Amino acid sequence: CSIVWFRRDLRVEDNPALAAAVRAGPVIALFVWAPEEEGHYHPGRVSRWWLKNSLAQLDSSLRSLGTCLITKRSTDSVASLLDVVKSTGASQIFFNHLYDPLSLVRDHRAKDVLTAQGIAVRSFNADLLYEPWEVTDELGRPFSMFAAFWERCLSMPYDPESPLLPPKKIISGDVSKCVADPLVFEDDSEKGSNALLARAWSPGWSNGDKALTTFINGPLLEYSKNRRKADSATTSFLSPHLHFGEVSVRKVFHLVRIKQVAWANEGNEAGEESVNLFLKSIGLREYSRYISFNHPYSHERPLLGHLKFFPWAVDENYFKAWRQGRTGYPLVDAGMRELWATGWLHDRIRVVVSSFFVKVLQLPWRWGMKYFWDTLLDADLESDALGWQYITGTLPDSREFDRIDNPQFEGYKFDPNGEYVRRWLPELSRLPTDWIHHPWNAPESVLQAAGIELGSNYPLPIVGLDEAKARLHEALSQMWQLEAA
């Protein structure tokens, strides 16, 4: 008896722990659901809906290969392990690493208790191209900025392990344990709100493979010339799959690396450029793990402390307006609406709405981080923290802090004909393009004809940009003054 402990590596292909267990003797595939152990960050409704369907496909797969997935509901995953080994008679437990703060601790506490109880525990790399410790500068120190880190990752002395085949068969230790703990990922209220998700997404590794294929053989070619596109099938849509290890980044990297070689050869410039930007995307995810491991309180504590005494507005209705998409800036409200209704946001809108959150409303970034974590289909602690820290300006490589983006111009850049704003704001569905990104200026006759009553079915800017720059300054004058102490 060997135990395979699945957490966020829901796949049978290129899964090192599983492959090591099959090499060793029969297996008991285990998954333990223990949210309260996740603190302030238990999984949100749409993430849970994804987990529920991803696990079903995982179990279905494992059954095809010979064993079932045993699920356990508990308040302490370690304890559950013990009660599983101490009931099955297993001597080893194989699992794949995780690099988020909450996982880092529980994993150590896990190794200690189990090994110090007579259990062999082995741990592999299932989620990264390279372990964060394998990637370092010539002196041997962790890089402090993305570019230097990514340049090393791409110029390493050795290649990432190549995707392993899933087992061809698995033998299962005590099959009488197959009927285990039912996991409930939805209350009746939520079942209601989740009803459209199955129409747009197919959770699981099988479908993730499908998405990777689709992407590489289609949109990747125009990945680069298509990113100012706000709501189009121009990206991979792999994030939710990536978050639960349903798809191997190593496989992703290998397929992308083959296309790049073929396109370099052909001298297809668009292709190379798109390949480069997409690899930078995979790079950023790898970097979020790097930062979380080399700064264990990164999901709450900022890296740079130069904004330490900054007087962040703690205004509750500023927050509510943001969440409701009642800020007055069309592109910002469209994003909040699409996020609330679908749990999905293109990276540019994520930047647009989180940026408005810290520079215009000037709210604490931990609040935007948490809201995103509860509502995004790909909620990921490391990727969410990294994004918020970068936007707020607490990262070595963030853009200049004293800079406020104009949603009206972002509107012109990312949603030139107002199609995005009109899809997510039906109240503005009749407003012509000349005023779609700044309706508060518009002549009364256009508003009346479109059915828009400023302040009613569409609000006036909750904070003007000019007034915004001014509070930003007044806020800096203050933090500088607080520094003097």
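All residue numbers are counted from 1 along the displayed sequence.
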| query | finding |
| --- | --- |
| Between 392 to 400 and 372 to 380 (mean CA B-factor, as deposited), the higher | 392 to 400 |
| Higher-B stretch (mean Cα B-factor, as the entry records it), 299 to 307 or 178 to 186 | 299 to 307 |
| Criterion, highest CA B-factor; candidates, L242, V121, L277, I349 | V121 |
| Out of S236, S232, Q260, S193, highest CA B-factor residue | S232 |
| Ranked C-alpha temperature factor of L465 among modelled chain residues, by third | middle |
| Chain third (lowest, middle, highest) by recorded CA B-factor, residue given as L18 | middle |
| Modelled-residue ranking by C-alpha temperature factor, third containing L51 | lowest |
| Third of the chain, ranked by Cα B-factor, where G66 sits | highest |
| For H437, the third of its chain into which the C-alpha B factor falls | lowest |
